[PDB]
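Peer 1: Supplied structure: start.cif, mmCIF, C-alpha atoms.
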data_protein
loop_
_atom_site.label_atom_id
_atom_site.label_comp_id
_atom_site.auth_asym_id
_atom_site.auth_seq_id
_atom_site.Cartn_x
_atom_site.Cartn_y
_atom_site.Cartn_z
CA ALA A 15 164.16 -25.96 127.31
CA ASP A 16 162.08 -22.92 128.14
CA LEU A 17 158.56 -23.06 129.42
CA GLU A 18 156.29 -21.01 127.19
CA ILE A 19 153.83 -18.81 128.98
CA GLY A 20 150.30 -18.18 127.79
CA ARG A 21 149.03 -14.80 126.73
CA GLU A 22 147.11 -14.72 130.01
CA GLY A 23 150.33 -14.84 132.01
CA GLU A 24 151.52 -16.93 134.96
CA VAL A 25 148.96 -15.51 137.31
CA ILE A 31 153.98 -30.42 137.72
CA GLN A 32 154.38 -34.16 137.93
CA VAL A 33 157.21 -34.80 140.30
CA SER A 34 157.70 -38.07 142.14
CA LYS A 35 157.04 -38.28 145.86
CA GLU A 36 160.50 -39.76 146.33
CA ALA A 37 162.01 -36.79 144.56
CA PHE A 38 160.02 -34.36 146.71
CA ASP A 39 160.98 -36.22 149.91
CA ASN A 40 164.67 -36.00 148.99
CA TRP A 41 164.34 -32.33 148.01
CA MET A 42 162.55 -31.69 151.31
CA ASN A 43 165.23 -33.39 153.42
CA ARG A 44 168.09 -31.54 151.78
CA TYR A 45 166.58 -28.06 152.17
CA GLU A 46 165.33 -28.71 155.69
CA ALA A 47 169.02 -29.43 156.30
CA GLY A 48 169.97 -26.37 154.29
CA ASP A 49 171.06 -26.57 150.68
CA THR A 50 172.36 -24.34 147.92
CA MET A 51 170.39 -22.34 145.31
CA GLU A 52 170.52 -18.92 143.57
CA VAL A 53 168.47 -15.79 144.01
CA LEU A 54 167.83 -13.90 140.77
CA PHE A 55 167.84 -10.11 140.64
CA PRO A 56 166.21 -7.60 138.29
CA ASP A 57 169.55 -6.26 137.00
CA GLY A 58 170.17 -9.89 136.05
CA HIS A 59 172.94 -10.83 138.44
CA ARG A 60 172.53 -13.66 140.94
CA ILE A 61 173.86 -14.65 144.30
CA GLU A 62 174.50 -18.20 145.49
CA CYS A 63 172.62 -18.67 148.77
CA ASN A 64 171.80 -21.38 151.27
CA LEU A 65 168.14 -22.02 151.68
CA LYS A 66 167.00 -23.65 154.86
CA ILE A 67 163.38 -24.57 155.40
CA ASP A 68 161.96 -24.85 158.90
CA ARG A 69 158.48 -26.26 158.51
CA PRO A 70 157.63 -26.11 162.21
CA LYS A 71 158.54 -22.43 162.49
CA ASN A 72 156.86 -21.54 159.19
CA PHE A 73 159.96 -19.77 157.92
CA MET A 74 162.56 -20.32 155.26
CA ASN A 75 165.90 -18.64 155.63
CA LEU A 76 168.17 -17.37 152.95
CA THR A 77 171.76 -17.27 154.03
CA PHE A 78 174.20 -15.17 152.07
CA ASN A 79 177.48 -13.97 153.58
CA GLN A 80 176.24 -14.66 157.09
CA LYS A 81 173.25 -12.49 156.27
CA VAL A 82 169.88 -14.12 156.49
CA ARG A 83 166.78 -12.93 154.69
CA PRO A 84 163.97 -14.85 156.45
CA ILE A 85 160.76 -15.48 154.63
CA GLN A 86 157.56 -16.43 156.35
CA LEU A 87 155.76 -19.38 154.78
CA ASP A 88 152.55 -17.68 155.81
CA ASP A 89 153.68 -14.71 153.74
CA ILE A 90 153.86 -16.55 150.41
CA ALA A 91 150.99 -15.50 148.17
CA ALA A 92 151.80 -16.82 144.70
CA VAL A 93 154.04 -19.13 142.73
CA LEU A 94 154.96 -18.27 139.17
CA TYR A 95 155.84 -21.24 137.00
CA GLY A 96 154.37 -21.43 133.51
CA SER A 97 150.84 -21.68 132.11
CA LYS A 108 157.02 -14.75 123.30
CA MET A 109 157.04 -15.28 127.08
CA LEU A 110 159.54 -17.84 128.42
CA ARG A 111 160.78 -19.31 131.69
CA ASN A 112 163.80 -21.54 132.25
CA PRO A 113 162.47 -24.58 134.10
CA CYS A 114 165.12 -24.25 136.78
CA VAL A 115 163.78 -20.84 137.80
CA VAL A 116 160.82 -20.34 140.12
CA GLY A 117 159.28 -16.99 140.95
CA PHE A 118 157.00 -16.25 143.86
CA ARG A 119 155.33 -13.28 145.39
CA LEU A 120 155.14 -12.14 149.02
CA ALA A 121 151.88 -10.75 150.45
CA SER A 122 153.58 -8.31 152.80
CA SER A 123 155.86 -6.56 150.35
CA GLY A 124 153.86 -7.38 147.24
CA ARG A 125 157.27 -8.23 145.75
CA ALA A 126 158.33 -11.04 143.42
CA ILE A 127 161.40 -13.16 144.03
CA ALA A 128 163.08 -15.64 141.78
CA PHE A 129 165.01 -18.70 142.94
CA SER A 130 167.01 -20.77 140.46
CA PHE A 131 167.60 -24.43 141.41
CA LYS A 132 170.33 -26.82 140.44
CA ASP A 133 167.99 -28.86 138.20
CA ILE A 134 164.38 -29.02 136.96
CA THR A 135 163.29 -31.60 139.45
CA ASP A 136 164.38 -29.46 142.38
CA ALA A 137 162.61 -26.45 140.87
CA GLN A 138 159.44 -28.45 140.46
CA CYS A 139 159.71 -29.59 144.09
CA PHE A 140 160.04 -26.03 145.31
CA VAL A 141 156.97 -25.26 143.23
CA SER A 142 155.02 -28.06 145.01
CA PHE A 143 156.29 -27.02 148.40
CA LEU A 144 155.19 -23.45 147.69
CA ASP A 145 151.82 -24.68 146.48
CA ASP A 146 151.16 -26.46 149.77
CA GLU A 147 152.07 -23.39 151.81
CA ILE A 148 149.83 -21.19 149.72
CA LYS A 149 146.83 -23.51 150.09
CA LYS A 150 147.46 -23.63 153.84
CA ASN A 151 147.71 -19.85 153.97
CA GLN A 152 144.44 -19.40 152.13
CA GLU A 153 143.30 -22.01 154.63
#
Go ahead and render the structure in this file as C-alpha cells.

Peer 2:
Amino acid sequence: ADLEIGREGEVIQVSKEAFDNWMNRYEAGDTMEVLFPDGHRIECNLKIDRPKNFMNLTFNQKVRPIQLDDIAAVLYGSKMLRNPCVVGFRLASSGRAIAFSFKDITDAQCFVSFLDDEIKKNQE
C-alpha cells in the first residue's frame, strides 16, 4: 500500500537482523531495479563497497558507480503517493534524483537506513 506524502513534500522501523542480511547480500551484489522518468525500468545488480565508499550499478556489463560521499538526500515519505518498495535519492554532484525499486518493503527500508547513515557521515 502506498505511502502518502505530506503537503510539505519528502524533503522506518526495520530490525537489525533484517538490515544485517540486507547489508550482506548487497555487499555481495544483489538484484534491484532502477526507475526512469519515462516510466520504464531496468533490472540491475547493486554492489555496495563500504570501504571504498562506492556502490556500483551493473547493467549489461556497464557499471554506473555512485559515490557514497555523493549522496545528499533520501526520499521516502513524510494526492502524493510512493510505493513502499521504491526509494528515491539525490546526488550532490549532479543534483539529480534516482529511484531504486527493491524486491520487498523490508529491503527498501534497509536501503533507506543505509542511505541515512551515509548522509549523516557526509554531513559529518

Peer 1: Run the PyMOL selection byres ((chain A and resi 85-87) around 6) on the file and write out the hits as a PyMOL selection string.

Peer 2: chain A and resi 72-74+84+88-90

Peer 1: Using the chain letters and numbers from this file, what does the PyMOL selection byres ((chain A and resi 93-120) around 10) select? Give the answer as a PyMOL selection string.

Peer 2: chain A and resi 15-25+31+52-54+85-92+121-138+140-145+148

Peer 1: The PyMOL selection byres ((chain A and resi 50) around 10) - which residues does that actually catch in the file I just gave you? List them as a list in words.

Peer 2: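 Applied to this file, the PyMOL selection byres ((chain A and resi 50) around 10) returns residues 44, 45, 48, 49, 51, 52, 62, 63, 64, 65, 66, 76, 77, 130, 131 and 132 of chain A.
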
Peer 1: For the atom pair CA of residue 42 (chain A) and CA of residue 147 (chain A), what is the interatomic distance in Å to one decimal place?

Peer 2: 13.4 Å

Peer 1: Can you tell me how far CA of residue 71 (chain A) sits from CA of residue 56 (chain A), in Å to one decimal?

Peer 2: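 We find that CA of residue 71 (chain A) and CA of residue 56 (chain A) lie 29.4 Å from each other.
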
Peer 1: In Å to one decimal, how far is CA of residue 82 (chain A) from CA of residue 40 (chain A)?

Peer 2: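 Interatomic distance here is 23.7 Å.
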
Peer 1: When you count only C-alpha atoms, which of these residues is closest to residue 47 (chain A): A:67, A:139, A:149, A:81?

Peer 2: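 Counting only C-alpha atoms, the residue closest to residue 47 (chain A) is A:67.
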
Peer 1: Find, counting all atoms listed in the file, the residue in A:79, A:41, A:35, A:152 that gets nearest to residue 61 (chain A).

Peer 2: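 Selected residue with least distance to residue 61 (chain A): A:79.
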